[PDB]
Amino acid sequence: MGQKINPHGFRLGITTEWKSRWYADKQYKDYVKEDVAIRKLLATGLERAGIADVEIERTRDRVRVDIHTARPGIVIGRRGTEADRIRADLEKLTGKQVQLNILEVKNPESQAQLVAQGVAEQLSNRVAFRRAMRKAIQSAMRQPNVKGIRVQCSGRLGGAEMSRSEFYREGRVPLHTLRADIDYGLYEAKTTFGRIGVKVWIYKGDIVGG
Amino acid sequence: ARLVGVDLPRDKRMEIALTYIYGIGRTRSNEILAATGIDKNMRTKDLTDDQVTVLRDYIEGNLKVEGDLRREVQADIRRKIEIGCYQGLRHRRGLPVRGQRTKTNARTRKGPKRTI
Amino acid sequence: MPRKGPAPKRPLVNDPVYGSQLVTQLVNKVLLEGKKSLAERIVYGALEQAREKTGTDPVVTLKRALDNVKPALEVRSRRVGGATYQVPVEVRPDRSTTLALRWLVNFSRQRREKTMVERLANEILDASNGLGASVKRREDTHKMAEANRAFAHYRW
Amino acid sequence: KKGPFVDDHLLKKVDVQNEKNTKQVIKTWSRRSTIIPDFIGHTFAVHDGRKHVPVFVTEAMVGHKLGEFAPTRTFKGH
Amino acid sequence: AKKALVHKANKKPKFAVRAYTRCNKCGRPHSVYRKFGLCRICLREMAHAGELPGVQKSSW
Amino acid sequence: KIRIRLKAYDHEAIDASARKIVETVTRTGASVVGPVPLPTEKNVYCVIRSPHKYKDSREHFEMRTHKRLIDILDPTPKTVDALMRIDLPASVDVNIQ
Amino acid sequence: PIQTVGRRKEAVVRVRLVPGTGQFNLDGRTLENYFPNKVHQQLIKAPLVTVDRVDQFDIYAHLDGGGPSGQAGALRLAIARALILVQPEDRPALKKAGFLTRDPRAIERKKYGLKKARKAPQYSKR
RNA sequence: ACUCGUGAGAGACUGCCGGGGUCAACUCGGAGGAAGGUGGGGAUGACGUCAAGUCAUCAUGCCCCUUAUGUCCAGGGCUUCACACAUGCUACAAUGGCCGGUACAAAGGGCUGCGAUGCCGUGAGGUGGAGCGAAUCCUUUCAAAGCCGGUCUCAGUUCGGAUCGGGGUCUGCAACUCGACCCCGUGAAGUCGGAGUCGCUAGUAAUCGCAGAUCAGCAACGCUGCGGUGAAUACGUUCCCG
Numbered sequence: 001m002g003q004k005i006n007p008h009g010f011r012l013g014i015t016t017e018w019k020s021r022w023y024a025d026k027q028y029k030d031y032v033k034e035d036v037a038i039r040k041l042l043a044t045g046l047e048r049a050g051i052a053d054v055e056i057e058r059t060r061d062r063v064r065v066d067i068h069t070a071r072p073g074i075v076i077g078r079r080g081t082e083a084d085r086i087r088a089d090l091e092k093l094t095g096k097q098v099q100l101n102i103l104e105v106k107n108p109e110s111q112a113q114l115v116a117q118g119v120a121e122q123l124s125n126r127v128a129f130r131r132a133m134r135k136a137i138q139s140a141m142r143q144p145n146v147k148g149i150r151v152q153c154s155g156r157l158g159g160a161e162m163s164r165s166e167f168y169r170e171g172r173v174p175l176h177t178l179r180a181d182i183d184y185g186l187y188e189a190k191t192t193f194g195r196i197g198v199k200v201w202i203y204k205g206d207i208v209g210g
Numbered sequence: 002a003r004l005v006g007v008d009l010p011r012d013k014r015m016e017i018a019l020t021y022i023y024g025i026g027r028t029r030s031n032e033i034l035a036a037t038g039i040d041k042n043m044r045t046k047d048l049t050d051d052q053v054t055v056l057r058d059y060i061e062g063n064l065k066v067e068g069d070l071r072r073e074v075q076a077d078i079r080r081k082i083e084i085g086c087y088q089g090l091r092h093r094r095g096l097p098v099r100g101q102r103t104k105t106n107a108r109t110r111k112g113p114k115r116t117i
Numbered sequence: 001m002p003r004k005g006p007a008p009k010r011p012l013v014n015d016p017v018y019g020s021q022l023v024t025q026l027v028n029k030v031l032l033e034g035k036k037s038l039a040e041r042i043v044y045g046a047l048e049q050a051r052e053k054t055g056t057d058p059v060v061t062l063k064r065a066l067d068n069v070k071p072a073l074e075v076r077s078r079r080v081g082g083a084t085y086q087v088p089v090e091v092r093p094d095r096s097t098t099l100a101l102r103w104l105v106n107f108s109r110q111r112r113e114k115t116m117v118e119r120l121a122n123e124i125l126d127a128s129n130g131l132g133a134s135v136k137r138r139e140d141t142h143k144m145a146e147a148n149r150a151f152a153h154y155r156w
Numbered sequence: 006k007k008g009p010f011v012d013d014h015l016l017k018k019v020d021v022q023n024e025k026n027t028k029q030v031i032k033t034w035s036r037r038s039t040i041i042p043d044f045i046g047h048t049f050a051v052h053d054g055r056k057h058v059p060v061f062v063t064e065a066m067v068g069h070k071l072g073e074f075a076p077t078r079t080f081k082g083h
Numbered sequence: 002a003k004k005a006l007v008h009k010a011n012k013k014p015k016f017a018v019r020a021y022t023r024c025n026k027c028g029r030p031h032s033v034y035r036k037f038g039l040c041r042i043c044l045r046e047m048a049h050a051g052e053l054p055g056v057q058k059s060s061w
Numbered sequence: 005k006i007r008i009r010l011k012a013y014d015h016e017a018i019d020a021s022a023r024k025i026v027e028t029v030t031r032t033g034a035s036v037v038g039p040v041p042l043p044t045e046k047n048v049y050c051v052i053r054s055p056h057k058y059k060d061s062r063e064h065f066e067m068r069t070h071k072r073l074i075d076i077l078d079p080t081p082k083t084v085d086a087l088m089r090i091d092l093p094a095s096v097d098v099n100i101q
Numbered sequence: 025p026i027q028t029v030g031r032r033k034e035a036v037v038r039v040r041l042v043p044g045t046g047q048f049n050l051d052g053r054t055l056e057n058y059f060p061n062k063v064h065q066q067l068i069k070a071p072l073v074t075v076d077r078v079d080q081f082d083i084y085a086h087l088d089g090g091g092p093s094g095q096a097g098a099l100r101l102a103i104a105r106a107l108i109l110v111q112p113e114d115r116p117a118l119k120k121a122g123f124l125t126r127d128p129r130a131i132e133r134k135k136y137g138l139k140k141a142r143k144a145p146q147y148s149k150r
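Chains as they are written, first to last, in the deposited numbering: chain c, 1 to 210; chain m, 2 to 117; chain g, 1 to 156; chain s, 6 to 83; chain n, 2 to 61; chain j, 5 to 101; chain i, 25 to 150.
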């Protein structure tokens, strides 16, 4: 319908960096398999925690798993108790040893992934969806330094039978411009009536910064 | 000319004139005409009856022809249609034997078309 | 490139052996696809066979056959109101050279000589005298044009 | 053209069958080989998946693999 | 992509012809690649998310 | 001789990495060949971009592999130590031949 | 001396010059035995015929790539830009006739969902 | 030194001259220039449509099975065939076939992989392992159409290869149902195709080989790409289609 390519996959050569970074000849399928099982292992407890980014640098078979989140304090509970448990399970599930770096984003409401987190987690929690979005925004519109936003919500909105898509915005979000620095995040709400897939575009600025 | 049983034409080269027999194609003409010594470029009007003699004795001696090949095969096809093979079933029903496509093509085995 | 106006066309180099626009254009219309070199061998061999059967310059024989097949009027198929009207229209120079060479090649290709060289030689010769089927197609095209002269007024 | 197949389960069974000079109807799974002419005379219950078809093996069967003395498909048309 | 078949394609088969690829992320049997070990859908979604190192969208 | 052939995905990181190797061996002092571009390899993978029937309308994902070369002549172990001592970008794999 | 690179479709030629009575050295061969088509024979000597130094000046060429005709048109280009590199007042006479300008026409990319580049699969809607 | 390989940079902006322009945009010509006016091609699909597609990639709400609608294996089927459609490939020959000699590519692929000289075969291939994780070694120094020469004389043929018989090789536990390839024979329809209809505007159409992914093997004539040789025509919006 809207045949819109994932813009983090449309600027992954130009502005947005890769999330996983190594070099691999004849070891690549194994590094893919470990990358997948690591991201499944970091889905659940960190999606409780407020995860945004999961980068995996990979040096000579050590591993370096780095996570950008919005609360160092739920990811790091008691020191080593909440960190070294998921870290140690990453050390056992992989056949390797894990150096887990955990870091905070300076503003959670201007990460598109974290905006999709807070919006969809509100939308599972029986709030008004036009109020959620509309408050998804107002906040982020701001606050830093953030020249667009565009929120779309499809699915059983309000528990209705029809799957109505909604489309709210403010400012400038140019997708066809490649010097855009757009963050994109889709996260999917889980109501009892079903799943409300939320897409958030956030246009930070014109800046190439090449 | 006359040979093993195939009436040769008026004006053909020898490596094509040998081909008109059931047991001989192009490669057998290139090997028979190399073994015996007749030039392949010779026409049939210019053919010698002694060349018919040596050529004829060679290709009835060391190779098989019309009657051997035909009631020869046709004993092998009826061999596999008597014993009850699946290829025997294909030769029974008039279907392609090599297990190939039967849904649309293989019209050269079913033959002329009746349409329902 | 129609509906925007006239489109610019490629300039055509002349022949190396004979030195004419019309020889090279005959080559590019001989070109059953892929083999321009073999088209050059057909056209060149056919024009030296025309040189054999004339003893003159072959391009003069070619331009005289080209003149004797070249039409002046072509019929159209424009349809005013429920009847198909053969409309006769003045033929441009390039359109007339195109119909001359294209008819020459195609009705040489229908002719029953052994190779293509003997076909094209005999068709350039018979079109030089005026005895080919292509000259009869010029006379049938002017037959349709003169038979349909009245419909030509539309000024179209 | 080298070592042909052999159906080792049927091979063990066949040898036992011909050493005792006993002939018995055989329910055989094997559609893959009629390897030696040691199989001549033995009745093979060939299994096209669904039922077993008795097949007598004679001297002409040598060189035809065992399954398709019994066909797997059924077609009439009308 | 049933767990009996996802799990059954990872054991040691009893013959060497029986071992097939079966994309790791979802378990999709057809259209699996060898260098990634991912099917075309997991290749397209993961390569869109920048998760695969240096495969990117093509234009020559 | 110790010939270093380094491969990567980023031309920028392999150019700054080759600047680290040239500044390293040139800093310790030796005869060193500068960075030589071996050309590439591209892996082009055509993906039917539908989770179901749409055989037309593809998208095809390439894969760039950049290959830079630095040939080292006259090795001294004070220079050889700094090879295994630091590698900065670590998206580059270094073949030591 | 003077050396010139002529680039046609995927061919490339490296023709240098020296003054002498007429000689043409391709990759170990003569010009009449490397180009048996007699039309490319004009297509490469036409820059020599324009600024009429056909016999006075000779090309020592080497090449790569393309087919026959890409190397022919490339060698036209390299003769032409070499004749810039002899006398610059030959240069307005070359460029006027249609020369010094290599043809950027290359075989374009095949497109997905087509048989070739610009050829749709022939569809019969019912 | 020339290429070439890959890094950085210059270069096309109606910038410069002539005319129309309301002295506005913009358009017609000229110069310089490798290129002239979005130079060529990509990647890039707005708000929405069609309850279009997919609960079989995945995820999933609800309903159903839980002694089976789970699961394990052998054999069979997904390849059946009086038919009808659809996309392709090889053709119907002399611009051609067959034999001999000879010249030019681009891109790619390679570890329990790619595998050379040599030897055994007619040939698939066998024996053997040089050498390479590869601008190096191997895919032969790479092609085929091309050019030079000979033969064939318009014919159901030296056209055409379907089919069928015999004889093999390789892959695999296993080529029967159901693999490809080679050798010998066999040698059908087919003489340019009714109504209708499709593609394409320049390195395009047309034709010629080459590589790749999937893959032990292959139904590859498919798909994705690479290059070789290379046309005709566009008067113009009346008509058909959007």
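Where a beta carbon is used, it is the ideal one built from N, C-alpha and C, also for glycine.
Each residue's CA atom was taken as its position, placing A160/c and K204/c some 34 Å apart. Using a Cβ-Cβ cut-off of 8 Å, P16/g is close to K62, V63, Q65 and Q66 of chain i, given in chain order. Within chain c, the residues whose beta carbon sits less than 7 Å from that of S95/j are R21, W22 and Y23, listed in sequence order.
Distance from the Cα of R31/i is smallest, within the candidate group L109/i, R100/i, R115/i and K120/i, for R100/i. Closer than 8 Å to the CB of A12/j there is at least one CB belonging to chain c. For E57/c, the neighbours in chain j by C-beta distance under 9 Å run, in chain order, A94 and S95. Using a CB distance cut-off of 8 Å, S54/j does not count as an interface residue toward chain i. In this chain, the alpha helix (DSSP H) harbouring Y44/g covers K36 to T54. If you draw a straight line from the Cα of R38/i to the Cα of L87/i, it comes to about 6 Å. Between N101/c and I67/c, the alpha-carbon positions lie close to 6 Å from each other. Below the 7 Å Cβ cutoff, chain i contributes no neighbours of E123/g, its closest Cβ being approximately 23 Å away. In this chain, the beta strand (DSSP E) harbouring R9/j covers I6 to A12. Residue nearest to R58/c within the set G73/c, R78/c, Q27/c and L46/c is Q27/c (criterion: CA-CA distance).
Annotated three-state conformation of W103/g is helix, per DSSP.
DSSP places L186/c within a strand segment (E or B) once states are collapsed to three. If you look at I31/s, you'll find it in the beta strand (DSSP E) that goes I31 to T33. Of the candidates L44/n, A5/n and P30/n, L44/n places its Cα closest to the Cα of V32/c. In the DSSP assignment, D97/j falls outside any alpha helix (DSSP H) and lies within the beta strand (DSSP E) extending over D97 to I100. The Cβ atoms of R14/m and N42/m sit closer than 8 Å to each other.
Proximity of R62/j to chain i, defined by a Cβ-Cβ separation below 8 Å, is satisfied. Here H64/j carries a strand assignment [DSSP, helix/strand/coil]. Approximately 14 Å separates the beta-carbon atoms of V5/m and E73/m; this is outside 8 Å, ruling out the contact. Residues of chain j whose Cβ lies closer than 9 Å to the Cβ of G137/i are, in chain order, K59, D60, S61 and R62. Around the beta carbon of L46/c, 16 or more other beta carbons sit within 10 angstroms, so the residue counts as buried.
The C-beta distance from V58/s to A50/s rounds to 7 Å, short enough to meet the 8 Å contact threshold. The Cβ of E45/j sits no closer than 8 Å to any Cβ of chain n. Residue pairing by DSSP places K58/n opposite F65/j in a beta bridge. Under the DSSP assignment, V55/m falls in the alpha helix (DSSP H) whose first and last residues are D50 to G62. Taking 8 Å as the cut-off, the Cβ atoms of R11/c and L178/c count as close. In the DSSP secondary-structure assignment, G30/i is bridged to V37/i. Closest option to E55/c, judged by alpha-carbon separation, among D25/c, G118/c, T16/c and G171/c: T16/c. In the DSSP assignment, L39/n is bridged to no other residue. Taking 7 Å as the cut-off between beta carbons, the residues of the stretch 32 to 45 of chain g near chain i are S37 and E40, in sequence order.
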